[PDB]
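> Have a peek at run_37.pdb (PDB, C-alpha atoms).
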```pdb
MODEL        1
ATOM      1  CA  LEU A   1     -79.612 124.775  86.379  1.00  0.00           C
ATOM      2  CA  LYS A   2     -75.957 125.101  87.152  1.00  0.00           C
ATOM      3  CA  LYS A   3     -75.315 123.916  83.611  1.00  0.00           C
ATOM      4  CA  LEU A   4     -77.428 126.648  82.059  1.00  0.00           C
ATOM      5  CA  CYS A   5     -75.652 129.166  84.232  1.00  0.00           C
ATOM      6  CA  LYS A   6     -72.165 127.881  83.376  1.00  0.00           C
ATOM      7  CA  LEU A   7     -72.914 128.056  79.636  1.00  0.00           C
ATOM      8  CA  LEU A   8     -74.231 131.603  79.894  1.00  0.00           C
ATOM      9  CA  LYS A   9     -71.047 132.514  81.792  1.00  0.00           C
ATOM     10  CA  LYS A  10     -68.747 131.038  79.135  1.00  0.00           C
ATOM     11  CA  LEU A  11     -70.730 132.808  76.410  1.00  0.00           C
ATOM     12  CA  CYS A  12     -70.136 136.092  78.152  1.00  0.00           C
ATOM     13  CA  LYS A  13     -66.401 135.431  78.528  1.00  0.00           C
ATOM     14  CA  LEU A  14     -65.924 134.317  74.933  1.00  0.00           C
ATOM     15  CA  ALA A  15     -67.859 137.358  73.739  1.00  0.00           C
ATOM     16  CA  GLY A  16     -65.778 139.670  75.897  1.00  0.00           C
TER
ATOM     17  CA  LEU B   1     -87.909 142.181  73.434  1.00  0.00           C
ATOM     18  CA  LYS B   2     -86.696 142.550  69.854  1.00  0.00           C
ATOM     19  CA  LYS B   3     -83.767 144.192  71.557  1.00  0.00           C
ATOM     20  CA  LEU B   4     -83.056 141.219  73.807  1.00  0.00           C
ATOM     21  CA  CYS B   5     -82.997 138.900  70.812  1.00  0.00           C
ATOM     22  CA  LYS B   6     -80.578 141.260  69.067  1.00  0.00           C
ATOM     23  CA  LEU B   7     -78.200 141.190  72.051  1.00  0.00           C
ATOM     24  CA  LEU B   8     -78.442 137.439  72.426  1.00  0.00           C
ATOM     25  CA  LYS B   9     -77.580 137.049  68.756  1.00  0.00           C
ATOM     26  CA  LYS B  10     -74.618 139.364  68.991  1.00  0.00           C
ATOM     27  CA  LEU B  11     -73.379 137.722  72.146  1.00  0.00           C
ATOM     28  CA  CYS B  12     -73.382 134.411  70.406  1.00  0.00           C
ATOM     29  CA  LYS B  13     -71.787 135.855  67.257  1.00  0.00           C
ATOM     30  CA  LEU B  14     -68.940 137.265  69.313  1.00  0.00           C
ATOM     31  CA  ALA B  15     -68.758 134.146  71.468  1.00  0.00           C
ATOM     32  CA  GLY B  16     -68.371 132.127  68.300  1.00  0.00           C
TER
ATOM     33  CA  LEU C   1     -72.167 126.050  73.705  1.00  0.00           C
ATOM     34  CA  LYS C   2     -73.674 125.884  70.219  1.00  0.00           C
ATOM     35  CA  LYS C   3     -77.013 124.330  71.093  1.00  0.00           C
ATOM     36  CA  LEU C   4     -77.984 127.056  73.565  1.00  0.00           C
ATOM     37  CA  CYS C   5     -77.482 129.768  70.964  1.00  0.00           C
ATOM     38  CA  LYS C   6     -79.275 127.510  68.525  1.00  0.00           C
ATOM     39  CA  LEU C   7     -82.216 127.084  70.897  1.00  0.00           C
ATOM     40  CA  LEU C   8     -82.205 130.772  71.703  1.00  0.00           C
ATOM     41  CA  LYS C   9     -82.299 131.576  67.972  1.00  0.00           C
ATOM     42  CA  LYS C  10     -85.314 129.370  67.412  1.00  0.00           C
ATOM     43  CA  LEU C  11     -86.982 130.900  70.452  1.00  0.00           C
ATOM     44  CA  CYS C  12     -86.503 134.370  69.056  1.00  0.00           C
ATOM     45  CA  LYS C  13     -87.589 133.346  65.564  1.00  0.00           C
ATOM     46  CA  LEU C  14     -90.813 131.644  66.656  1.00  0.00           C
ATOM     47  CA  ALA C  15     -91.693 134.673  68.768  1.00  0.00           C
ATOM     48  CA  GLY C  16     -91.261 137.162  65.922  1.00  0.00           C
TER
ATOM     49  CA  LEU D   1     -86.913 124.581  73.691  1.00  0.00           C
ATOM     50  CA  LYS D   2     -89.540 123.962  76.315  1.00  0.00           C
ATOM     51  CA  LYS D   3     -87.128 122.609  78.900  1.00  0.00           C
ATOM     52  CA  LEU D   4     -84.995 125.726  78.448  1.00  0.00           C
ATOM     53  CA  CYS D   5     -88.047 127.927  78.959  1.00  0.00           C
ATOM     54  CA  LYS D   6     -88.809 126.116  82.222  1.00  0.00           C
ATOM     55  CA  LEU D   7     -85.181 126.455  83.298  1.00  0.00           C
ATOM     56  CA  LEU D   8     -85.463 130.169  82.619  1.00  0.00           C
ATOM     57  CA  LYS D   9     -88.788 130.299  84.401  1.00  0.00           C
ATOM     58  CA  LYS D  10     -87.135 128.403  87.216  1.00  0.00           C
ATOM     59  CA  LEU D  11     -84.120 130.728  87.280  1.00  0.00           C
ATOM     60  CA  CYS D  12     -86.161 133.887  87.621  1.00  0.00           C
ATOM     61  CA  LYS D  13     -88.422 132.187  90.154  1.00  0.00           C
ATOM     62  CA  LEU D  14     -85.437 131.027  92.158  1.00  0.00           C
ATOM     63  CA  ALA D  15     -84.113 134.595  92.291  1.00  0.00           C
TER
ATOM     64  CA  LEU E   1     -83.459 142.284  86.195  1.00  0.00           C
ATOM     65  CA  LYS E   2     -87.162 142.032  86.901  1.00  0.00           C
ATOM     66  CA  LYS E   3     -87.402 143.427  83.405  1.00  0.00           C
ATOM     67  CA  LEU E   4     -85.184 140.665  82.043  1.00  0.00           C
ATOM     68  CA  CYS E   5     -87.331 137.990  83.628  1.00  0.00           C
ATOM     69  CA  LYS E   6     -90.372 139.632  82.024  1.00  0.00           C
ATOM     70  CA  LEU E   7     -89.009 139.550  78.485  1.00  0.00           C
ATOM     71  CA  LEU E   8     -87.713 136.055  78.788  1.00  0.00           C
ATOM     72  CA  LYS E   9     -91.165 135.086  79.887  1.00  0.00           C
ATOM     73  CA  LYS E  10     -92.644 136.942  76.936  1.00  0.00           C
ATOM     74  CA  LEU E  11     -90.176 135.359  74.486  1.00  0.00           C
ATOM     75  CA  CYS E  12     -91.222 131.923  75.684  1.00  0.00           C
ATOM     76  CA  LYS E  13     -94.925 132.675  75.706  1.00  0.00           C
ATOM     77  CA  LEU E  14     -94.872 134.003  72.214  1.00  0.00           C
ATOM     78  CA  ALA E  15     -92.621 131.239  70.929  1.00  0.00           C
ATOM     79  CA  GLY E  16     -95.103 128.531  71.901  1.00  0.00           C
TER
ATOM     80  CA  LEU F   1     -74.216 143.298  75.838  1.00  0.00           C
ATOM     81  CA  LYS F   2     -72.198 143.944  78.969  1.00  0.00           C
ATOM     82  CA  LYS F   3     -75.393 144.928  80.788  1.00  0.00           C
ATOM     83  CA  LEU F   4     -77.164 141.711  79.778  1.00  0.00           C
ATOM     84  CA  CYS F   5     -74.298 139.611  80.958  1.00  0.00           C
ATOM     85  CA  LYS F   6     -74.121 141.423  84.276  1.00  0.00           C
ATOM     86  CA  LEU F   7     -77.805 140.774  84.815  1.00  0.00           C
ATOM     87  CA  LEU F   8     -77.610 137.110  83.849  1.00  0.00           C
ATOM     88  CA  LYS F   9     -74.735 136.619  86.263  1.00  0.00           C
ATOM     89  CA  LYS F  10     -76.812 138.143  89.034  1.00  0.00           C
ATOM     90  CA  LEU F  11     -79.890 136.095  88.225  1.00  0.00           C
ATOM     91  CA  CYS F  12     -77.666 133.045  88.365  1.00  0.00           C
ATOM     92  CA  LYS F  13     -75.978 134.249  91.555  1.00  0.00           C
ATOM     93  CA  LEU F  14     -79.232 135.135  93.294  1.00  0.00           C
ATOM     94  CA  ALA F  15     -80.835 131.868  92.245  1.00  0.00           C
ATOM     95  CA  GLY F  16     -78.104 129.707  93.688  1.00  0.00           C
TER
ENDMDL
END
```
Translate this file's structure into structure tokens.

Amino acid sequence: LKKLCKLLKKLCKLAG
Amino acid sequence: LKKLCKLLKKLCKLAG
Amino acid sequence: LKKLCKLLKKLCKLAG
Amino acid sequence: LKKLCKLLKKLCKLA
Amino acid sequence: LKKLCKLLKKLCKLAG
Amino acid sequence: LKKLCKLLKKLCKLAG
């Protein structure tokens, strides 16, 4: 999923 | 495994 | 996203 | 929960 | 990486 | 945390 992969990416950015 | 769940929880905590 | 973390938390809880 | 697990299964399988 | 895919698979297996 | 995110990015980049 491109949606699952976009959400994981935004979780990483918000956490960093 | 119990380590992965700990990192996923902390990622979310920081993300939030 | 809040649901992903929420689904990931349930996944980790059921597994432990 | 189960759809996510298949998406994860599908992600690892697609890589 | 191959180790991540293995734990995710274990997390799901156990959680069901 | 940073390692997990780097791996997830790759999994997502390799997958598509």
> Which residues fall under the PyMOL selection byres ((chain C and resi 3) around 12) in this file, as a PyMOL selection string?
(chain A and resi 4+7-8+11) or (chain B and resi 12+16) or (chain C and resi 1-2+4-11) or (chain D and resi 1+4)
> Which centre and edge lengths in Å to one decimal define the box along x, y and z that fits every listed atom of chain C plus 6 Å per side, as JSON?

```
{"center_x": -81.9, "center_y": 130.7, "center_z": 69.6, "size_x": 31.5, "size_y": 24.8, "size_z": 20.1}
```
> Within 10 Å of chain F, which residues belong to chain D? Use all atoms listed in the file and report them as number ranges by chain.
D: 8, 10-15
